[PDB]
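Chemist: structure of the sequence below:
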Amino acid sequence: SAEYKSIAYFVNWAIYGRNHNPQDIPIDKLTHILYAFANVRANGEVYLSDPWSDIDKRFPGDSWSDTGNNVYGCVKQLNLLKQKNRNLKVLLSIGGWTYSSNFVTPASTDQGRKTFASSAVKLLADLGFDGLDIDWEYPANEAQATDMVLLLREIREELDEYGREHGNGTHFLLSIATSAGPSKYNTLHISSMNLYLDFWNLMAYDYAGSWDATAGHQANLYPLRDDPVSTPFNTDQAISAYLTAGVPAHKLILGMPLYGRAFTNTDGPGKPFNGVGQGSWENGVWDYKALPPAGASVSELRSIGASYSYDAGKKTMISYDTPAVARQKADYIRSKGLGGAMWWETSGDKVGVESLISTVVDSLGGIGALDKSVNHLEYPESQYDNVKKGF
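Modeler: Numbers count the residues shown, from 1 in each chain. What follows is the structure:
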C-alpha cells in the first residue's frame, strides 16, 4: 500500500467570483488541503489576509452572535471537514504570488524569523491547522537562500515545541511550494532546507505564457528533443535536480495545473504568438472546467506528457492537461516513487469522471493507495471557544 498524498490549494477568495466554498472541496479524493494565503508583514508578523472569508463569514448553520468568542468563515468549515474525514490534513499556506508578503526583510534577522514563527504557530493553535506551508516566491540570492534555511529551522523548532506542550506529541507539518525553474532552484540550499520540511510541493506548471515569444507547453514532463523551443522547461529536469541535491523521492509532490494557458495568433507549439486573449479570472488563463473550447481540437503528446487545444480558425492554442495527461503524470509519480500529487487550485476542476483529481487518484491505485495518517482535532490553547470545544 503506497500511501500517496493528494494535495490541493483552496484559495480564500474562491468564495467570491468563483462561487467555490469549502463544502465544495473534493475532500473524498484529497489527503491535504493548503489554505491560501496568509500574509507576512515586514516585521515578520503572519496574519490572515481576508478576515471575512477566513473567520468572520457566517455559513448556513452558523450562529449570528458577535461577541467574538468563536471562529466562523472558511476556518470553521475546514475544521468541520477535518471532523468528517479524519485523514484530511489542513495546512495554512503563507505567502504566494500576491504582492502582499515581505519575506526578505523578516527572514534576514533572528527577531524577524522568531516573529514569523511565533505568529504562524499562534495562528495554527487558534484556528486548528495541521501544519504550515511556506510559499516564498522566491529566494533571489545566496543571502536569502541561507535566510530561507534559518526561517524554516525557526518555524520547525516552534512547531515542535508547540506539539510537545500542546499537541500531545503530534508532529505538525511544515511544507513548501518550490520552483521547477533551474535559475530559481539552483539558488536554494536544498539539502539544508530539507532537514526541516515534511514534503516539497513542486510547482510544475507555468512553464510558458504571455512573457514568451513562442507558444509552448506549460507543464510538460519531458523536453521535446525534436523541437526544444516548444518546451522551455520540463518537470523531469527539476525532479532530478532535487533528487541529486539529496531530497528523497517520496518527499517530492508533483504539482499540476487545474487551468490552461492560452496563446493567440499562433500556428501552434514552438511558433510565434501575439497576445493571450481572454480568460476565466485573468487574461490568458482558463479554468480546466472551461476547457477545451468549443470547436477546438485536442492534441495529446504522450512523448512529453502534455496536451493542448488548438482552434485553427482562430489561431489559438491552449496548454492544459487532459485526463490522459493526468494519468501519465500519475504513472510518472508511481514510476519515480514521488510522494504524490498537488493541484492549483480546487475551483478549476471538473466534476464527475473528467475531474483531474479523481483521474489521478484512480491511476495511483484508488482510495487504498492514498496516505492514511490521521489529522489532529484537539486545540486546547485556541482563543476561540468552539475550536477548544471541538464544534
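Chemist: for this protein, longest strand please?
Modeler: strand 32-40 (DSSP state E).
Chemist: show me what that one is packed up against.
Modeler: strand 5-11, strand 46-48, helix 73-84, strand 89-95, helix 110-127, strand 131-135 (3 or more CB pairs under 8 Å, 6 or more residues apart in numbering; DSSP states H and E). C-betas here are computed from N, CA, C, even on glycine.
Chemist: reformat these as CSV; add distance to residue 378 and mean neighbour count.
Modeler: Output for the helices and strands packed on strand 32-40, formatted as CSV (distance: least, CB to CB, whole Å; neighbours: other CB atoms under 10 Å):
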stretch, distance to residue 378, mean neighbour count
strand 5-11, 23, 25
strand 46-48, 22, 20
helix 73-84, 11, 21
strand 89-95, 14, 25
helix 110-127, 11, 20
strand 131-135, 15, 26
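Chemist: please name the nearest non-neighbouring residue to residue 221.
Modeler: Of all residues not flanking residue 221 in the chain, residue 305 sits nearest, at 3.2 Å (CB to CB, 6 or more residues apart in numbering).
Chemist: count the neighbours of the one you found for me.
Modeler: 24 (other CB atoms under 10 Å).
Chemist: looks like it contacts residue 224 (just checking).
Modeler: No: using CB atoms under 8 Å, residue 305 is not in contact with residue 224; the gap is 10.4 Å.
Chemist: what secondary structure does residue 242 sit in?
Modeler: Here residue 242 is helix, with the state taken from DSSP: H, G, I helix; E, B strand; the rest coil.
Chemist: ok, how many other residues are close to it?
Modeler: Applying other CB under 10 Å, we find 22 residues neighbouring residue 242.
Chemist: dump the residue contacts of it.
Modeler: Applying CB atoms under 8 Å, 6 or more residues apart in numbering, we find residue 242 in contact with 178, 185, 190, 200, 202, 252.
Chemist: now with 6 Å, please.
Modeler: Residue 242 is in contact with residue 252, counting by CB atoms under 6 Å, 6 or more residues apart in numbering.
Chemist: just residue 343 next, same as before
Modeler: Residue 343 neighbours (CB under 6 Å, 6+ apart): 8, 256, 258.
Chemist: gap between the closest residue in space to it that isn't next to it in sequence and residue 294?
Modeler: With sequence-adjacent residues excluded and distances taken as CB to CB, 6+ apart, residue 343 is closest to residue 8, at 4.5 Å. Residue 8 sits 27 Å away from residue 294, going by CB to CB, to the nearest Å.
Chemist: report whether residue 17 is found in a strand, as I expect.
Modeler: No: Residue 17: not assigned to a strand; according to three-state DSSP it is coil.
Chemist: can you give me the neighbour number for the closest residue to it other than its chain neighbours?
Modeler: Counting by CB to CB, 6+ apart, residue 17 lies nearest to residue 281, which is 6.8 Å off, once chain neighbours are set aside. Around residue 281 there are 13 other residues, counting by other CB under 10 Å.
Chemist: if we can go back for a sec, now the longest strand of the chain: how far from the chain's centre is it?
Modeler: Distance of strand 32-40 from the chain centroid (CA atoms, centre = their mean, to the nearest Å) equals 9 Å.
Chemist: which neighbours does that strand have in its sheet, and in what orientation?
Modeler: Here strand 32-40 has these sheet partners by DSSP bridges: strand 5-11 (parallel), strand 46-48 (antiparallel), strand 89-95 (parallel).
Chemist: now the angle between helix 110-127 and it, please.
Modeler: Counting by axes from the mean of the first three to the mean of the last three CA atoms, to 10 degrees, strand 32-40 lies at 130 degrees to helix 110-127.
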